[PDB]
Each structure stands twice: as structure tokens, then as C-alpha cells.
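Visitor: The structure is given below, and queries will be raised subsequently.
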Amino acid sequence: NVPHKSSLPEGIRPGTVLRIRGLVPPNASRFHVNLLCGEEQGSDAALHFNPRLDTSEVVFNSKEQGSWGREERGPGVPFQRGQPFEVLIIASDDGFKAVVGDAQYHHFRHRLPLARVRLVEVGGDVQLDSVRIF
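Laid out in C-alpha cells, this is it:
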């Protein structure tokens with residue numbers, strides 16, 4: 002329904018956890034979690050995490066200067082229509098580790114420097130219960 006967009010006054014440092022709890026709606030096609038490097042339209046994306054129910058895949062990518070990078074795909078799709086979910090996106094010096102439910106899902110190594118991130122957005126077909134930056 003209502004998407005999330007918030008600024009990060011301390012950015013994302015190693016040891017920062019983004020926790021997203023919500024529910025994939027019955028009619029979901031896809032939704033996204035972005036870690037962006039600016040407020041402006043078309044800012045670079047250090048992380049684009051994109052569960053796609055319509056095409057049965059979870060895509061990870063980065064975006065620089067308006068261009069999407071190399072797509073990575075996670076193993077299987079740990080999201081289903083109508084079902085609650087919990088995602089941790091955990092930053093370290095080496096990359097982002099996505100935890101879905103009770104299982105480590107995918108390790109997305111940094112393409113852009115982590116220190117560039119200063120916005121998080123969550124949107125698309127998703128009902129959010131809570132978005133927290135720890």
C-alpha cells in the first residue's frame with residue numbers, strides 16, 4: 002500500500018541491519034528494496050533487491066549512471082503470494098547478506114562503495130508491517 006522511503010544520516014556502516022517485515026499481497030507481481038546513493042531521481046543504487054513473483058525469481062543488481070549492472074539471482078524464491086515475510090539485509094565490509102525467514106539466502110558483494118548509500122526505499126507490490134534500520 003504505502004511505500005517506505007527514508008534518509009540515512011549515518012549511512013549504512015558495516016554492522017548495519019535493515020529489517021523488513023511485511024506480507025506479499027495476494028495479487029503481487031514484484032517488489033523492491035533499494036539502497037540508493039542520493040535523493041534525486043535516478044540516483045545510483047548500491048543494492049536493488051527485487052523479489053519477482055510474476056517471473057519466479059529474486060534479482061539482485063546495482064545501478065550506476067542510469068545503467069543496471071550484472072544481474073545476480075538468488076537460489077529459488079522464498080516469497081509467496083499472501084504470505085508474511087521477514088528480510089534482513091546485513092551490511093559488512095564485503096557485501097550485503099540477505100536473510101529471508103530463518104535462512105541465509107544470498108550474499109551480494111559490493112559493486113559501489115558502501116559509504117555512498119544514504120537512502121532506503123521499499124515499494125512495489127508489498128504490504129509493510131515495519132521497516133527498521135539498526
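Using PDB author numbering, you'd call the opening residue of the sequence shown number 2 and step up by one each time.
Positions of the beta carbon are idealized from the N, C-alpha and C atoms, including for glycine.
Rounding to the nearest angstrom, what Cα-Cα distance links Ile134 and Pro15 in this structure?
Guide: Roughly 12 Å between the two C-alpha positions.
Visitor: Taking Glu58 as the reference, which of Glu72, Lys64, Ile13 and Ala46 has the closest Cα?
Guide: Cα-wise, what sits closest to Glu58 is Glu72.
Visitor: Is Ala116 buried or exposed, if buried means 16 or more other CB atoms sit within 10 Å of its CB?
Guide: By the 10 Å Cβ count, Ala116 comes out exposed.
Visitor: Which residues in the same chain as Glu40 place their Cβ atom closer than 7 Å to its Cβ, once the five residues preceding and following it in sequence are excluded?
Guide: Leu120, listed in sequence order.
Visitor: Judging by CA-CA distance, which residue of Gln66, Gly96, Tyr106 and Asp95 is the nearest neighbour of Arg74?
Guide: The candidate whose alpha carbon is nearest that of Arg74 is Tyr106.
Visitor: Does the distance from the C-beta atom of residue 145 to that of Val118 stay below 8 Å?
Guide: Because the chain in this structure spans residues 2 to 135, residue 145 falls outside the shown range and cannot be described.
Visitor: Using 10 angstroms around the beta-carbon of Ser7, count the other beta-carbons present and answer buried if the total reaches 16, otherwise exposed.
Guide: By the neighbour-count rule (16 or more Cβ atoms within 10 Å), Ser7 is not buried but exposed.
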